[PDB]
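Down below is the structure, laid out as structure tokens.
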Amino acid sequence: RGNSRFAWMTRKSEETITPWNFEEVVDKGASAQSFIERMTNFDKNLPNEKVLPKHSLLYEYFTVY
DNA sequence: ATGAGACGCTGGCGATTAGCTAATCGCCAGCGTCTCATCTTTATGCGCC
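Here you go:
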């Protein structure tokens, strides 16, 4: 509940998360999203901008060209 | 019109009585796993201001 430097999970509500209301209190979408975005790097040329996935068709066209 | 001033075995034993770190070495050290993802980075391979 905002007291750990290792957490990223977002609470839809603000209750003590139990195995029955786990699906409702925890935003599984935003938790997985924040989980992966916190590990991916940023573009060295464009610092504040993120990076496209490895299977992007535009990115394959880029490396091919 | 007299009655104070002058003070010991200790030292050298035993024998209680009491009490304390230190030097040497040996032992022996919580550890087991998996999942999941995440990023890097390296070996080789390709380009001239």
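Counting in the authors' numbering, the final residue of the first sequence is number 521, and the numbers go up one at a time with none missing.
Built from N, CA and C at the ideal position, the CB exists for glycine as well.
Are the Cβ atoms of residue i and residue j separated by less than 8 Å?
i           : j           : result
residue 466 : residue 487 : yes
residue 496 : residue 507 : yes
residue 500 : residue 482 : no
residue 471 : residue 477 : yes
Within the continuous alpha helix (DSSP H) that includes residue i, where are the two ends?
i           : result
residue 470 : Residue 470 -> no alpha helix (DSSP H), and no H or E assigned at all.
residue 516 : 513-520
Measure from the alpha carbon of residue i to the alpha carbon of each residue in the options, then state which is nearest.
i           : options       : result
residue 494 : 462, 477, 511 : 462
residue 489 : 515, 480, 464 : 464
Looking only at DSSP bridge pairs, what is residue i linked to?
i           : result
residue 482 : 467
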